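[1] Return atomic coordinates for the entry below.
(chains A, B, C, D and E)
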Amino acid sequence: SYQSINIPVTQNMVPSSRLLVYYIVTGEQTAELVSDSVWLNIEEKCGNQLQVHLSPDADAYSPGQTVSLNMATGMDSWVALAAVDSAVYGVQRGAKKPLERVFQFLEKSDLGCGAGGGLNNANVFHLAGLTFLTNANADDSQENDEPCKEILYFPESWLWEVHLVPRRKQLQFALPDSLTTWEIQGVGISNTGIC
Amino acid sequence: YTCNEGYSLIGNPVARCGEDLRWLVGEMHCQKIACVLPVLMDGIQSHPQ
Amino acid sequence: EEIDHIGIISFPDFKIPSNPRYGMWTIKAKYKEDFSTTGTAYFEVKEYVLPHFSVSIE
Amino acid sequence: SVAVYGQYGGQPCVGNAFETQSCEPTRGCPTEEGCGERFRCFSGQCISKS
Amino acid sequence: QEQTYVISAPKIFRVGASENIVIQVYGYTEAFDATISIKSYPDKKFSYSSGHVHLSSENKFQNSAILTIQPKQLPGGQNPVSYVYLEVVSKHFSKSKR
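    Residues are numbered from 1 along each chain as shown, chains lettered A, B, ... in the order given. Please find the structure below.
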């Protein structure tokens, strides 16, 4: 029996990775490529582990209150920030948060389809999103890119800015005069990717 | 190529070892990622200069 | 058009025309010279006043 | 090679016309291509799957 | 047919992407080297990228090249390149696929 695949699921694998295992067996005289594959669903996690919080934490603030904000990260990062009033989304029924689906949209990059397996070595590789050159009596030219689609002051907005966070940063700023839930949202960026 | 921290590469980022045994380069240059004081109408003073 | 230096392309503010057709506007984004990479977003232009409270119908 | 052909019933040259030596090869043995989408006969000849 | 290889690659190359192409060979014992190359199609004249890969029991006869298609090296114009040759060359085998 064989060594298992004992491997760390490193950050590059998020949100999804696909495992294909293969060998060529020479048979009596004729080689055969044997393969199988499986889709591996990975936890959605950021590489920066970026976190943002109000340092003078309160259940509710008063209009115009000066506040302090902290940005903390596992590495130095850029961060964009923005603030938007919840009545704005309240305007439109079924409004969408602009950073929704980010991982599912990133998944559209994946060339494979289905959860794994295949009718054949060639089919396994094609569904895995690979192609192959071999003399072992198989070729991927048997198949084509089918449309595989199986399932697996009173502003409206403020604080619209971008900042460097050298591992840590602190900001101090005044709230607006409006009364509402403000939703403060931000996106970390670095050579380690988005969060 | 890649420029140092606080810089970015302009032009084609790429060079090639030509059959001359020398580098072709993509006319590239490192722009510094910073603003500067523009040509204001009267050179108005910037306090956090 | 704008040039990225960071991964965060803060385009200039688009002034809505002095007489817009009301309804669903679309923004498309492309890398200028050499990729397809077409991004898209939608936004609605209407005469509206913010609702003062949510009604949720369940 | 034969330097002089035997003639008119003269004796043929005896022994083998060749000899062999072991070497260290400078060149690799070319591998077969597969049949790909073609059927593979047991010898390794390929034919149309039809 | 004991001596055999597999080169495996993305179903489609992304222009400008750094694409990791992996190769395994079987029935070999003498260590040898191969080159995996991305070449213009159909003429194979211009080479976009090339990677020397060494194969031995020290590598269990497995290796990969990281190969890329920098977008300006394509001829461009009104007709963009639809297809490119992936190639492998060795002492023992040579093959290319569109």
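
[2] Count the neighbours of residue A:111 for me.
    Close neighbours of residue A:111, defined as other C-beta atoms under 10 Å in any protein chain shown, add up to 16. All C-beta atoms are positioned from the backbone trio N, CA, C, and that covers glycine.

[3] Please report how far the residue of chain D found nearest chain C lies from residue C:47.
    Residue nearest to chain C within chain D (C-beta to the nearest C-beta): residue D:37, separated by 31.6 Å. For residue D:37, the distance to residue C:47 equals 63 Å [C-beta to C-beta, to the nearest Å].

[4] Compare these two and say which is more crowded by neighbours.
    A side-by-side neighbour count of residue D:37 and residue C:47, using other C-beta under 10 Å, places residue D:37 first with 15 against 5.

[5] That one and residue A:140 touch, don't they?
    No: judged on C-beta atoms under 8 Å, residue D:37 makes no contact with residue A:140 at a distance of 9.5 Å.

[6] count of neighbours near residue E:5?
    26.

[7] Name the SS class of it, please.
    strand (DSSP: H, G, I helix; E, B strand; the rest coil).

[8] so who does the residue nearest to it when sequence neighbours are not counted touch?
    What sits nearest to residue E:5 in space, not counting adjacent residues and going by C-beta to C-beta, 6 or more residues apart in numbering or on different chains, is residue E:25, at 4.6 Å. When contacts are counted by C-beta atoms under 8 Å, 6 or more residues apart in numbering or on different chains, residue E:25 touches E:3, E:4, E:5, E:55, E:61.

[9] Please report phi then psi for residue E:25.
    phi -120, psi 150 (degrees, to the nearest 10).

[10] got the CA coordinates for stretch A:12-28 in PDB?
    Provided in PDB are the C-alpha atoms of stretch A:12-28 (Å, rounded to 0.1, in the frame of the first residue of the first chain):
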ATOM      1  CA  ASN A  12      -2.900  29.400  -2.200                       C
ATOM      2  CA  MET A  13      -5.500  26.600  -2.300                       C
ATOM      3  CA  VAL A  14      -8.400  28.700  -1.100                       C
ATOM      4  CA  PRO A  15     -11.300  28.700  -1.800                       C
ATOM      5  CA  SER A  16     -11.100  25.500  -3.900                       C
ATOM      6  CA  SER A  17      -8.500  23.000  -5.100                       C
ATOM      7  CA  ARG A  18      -8.700  19.900  -7.300                       C
ATOM      8  CA  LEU A  19      -6.600  16.700  -6.600                       C
ATOM      9  CA  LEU A  20      -5.700  14.500  -9.600                       C
ATOM     10  CA  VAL A  21      -3.700  11.300  -9.000                       C
ATOM     11  CA  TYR A  22      -2.300   9.300 -11.900                       C
ATOM     12  CA  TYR A  23       0.200   6.600 -12.900                       C
ATOM     13  CA  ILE A  24       1.200   4.800 -16.000                       C
ATOM     14  CA  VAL A  25       1.200   1.000 -15.800                       C
ATOM     15  CA  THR A  26       3.100  -0.800 -18.600                       C
ATOM     16  CA  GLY A  27       0.800  -3.800 -18.600                       C
ATOM     17  CA  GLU A  28       2.200  -6.800 -20.300                       C
END
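
[11] can it be found next to chain E?
    Yes: residues of stretch A:12-28 contacting chain E under C-beta under 8 Å from any C-beta of the partner chain: A:22, A:24, A:26.

[12] Only whichever of these are buried, select them in PyMOL.
    Here is the PyMOL command that selects the buried residues among the residues of stretch A:12-28 next to chain E (16 or more other C-beta atoms under 10 Å in any protein chain shown):
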select buried, chain A and resi 22+24
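
[13] closest to chain B among the residues of stretch A:12-28 next to chain E?
    residue A:22 (34.3 Å).

[14] Give the closest residue to that closest one in space, chain neighbours not counted.
    residue A:35 (3.7 Å).

[15] Where does that neighbour sit, in terms of helix or strand?
    strand A:32-41 (DSSP states H and E).

[16] Just give me the neighbour total for the residue nearest to residue A:22.
    By other C-beta under 10 Å, neighbour count at residue A:35 equals 23.

[17] follow-up on the earlier one: need the residues of stretch A:12-28 next to chain E in CSV (columns: secondary structure and distance to residue D:49).
    Shown next, in CSV, are those (DSSP: H, G, I helix; E, B strand; the rest coil; distance: C-beta to C-beta, whole Å):
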residue, secondary structure, distance to residue D:49
A:22, strand, 23
A:24, strand, 21
A:26, coil, 22
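
[18] In a markdown table: the residues of stretch A:12-28 next to chain E, plus distance to residue C:29.
    What follows is the residues of stretch A:12-28 next to chain E, written out as a markdown table (distance: C-beta to C-beta, whole Å):
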| residue | distance to residue C:29 |
| --- | --- |
| A:22 | 39 |
| A:24 | 45 |
| A:26 | 52 |
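
[19] got the buried residues for stretch A:70-85?
    Of all the residues in stretch A:70-85, those buried under the rule 16+ other C-beta under 10 Å are A:71-74, A:76-85.

[20] what about the residue in chain E positioned nearest to chain C, distance to residue E:20?
    Using C-beta to the nearest C-beta, the single residue of chain E nearest to chain C is residue E:71, 4.4 Å away. Note on residue E:71: its distance to residue E:20, by C-beta to C-beta, is 19 Å.

[21] mind checking which helix or strand residue A:105 is in?
    Element membership for residue A:105 (DSSP H and E) is helix A:102-107.

[22] Next, see if whichever helix or strand comes after that helix gets close to chain E.
    The C-terminal neighbour of helix A:102-107 among helices and strands, as given by DSSP H and E, is helix A:121-127. Yes: using C-beta under 8 Å from any C-beta, we find that helix A:121-127 touches chain E at A:125, A:126.

[23] quick one: is the helix holding residue A:105 near chain E?
    No: against chain E, helix A:102-107 shows no contacts by C-beta under 8 Å from any C-beta, the least distance being 14.3 Å.

[24] Most distant residue from the centre of chain E?
    Largest separation from the mean C-alpha position in chain E: residue E:78, at 27.2 Å (C-alpha atoms, centre = their mean).
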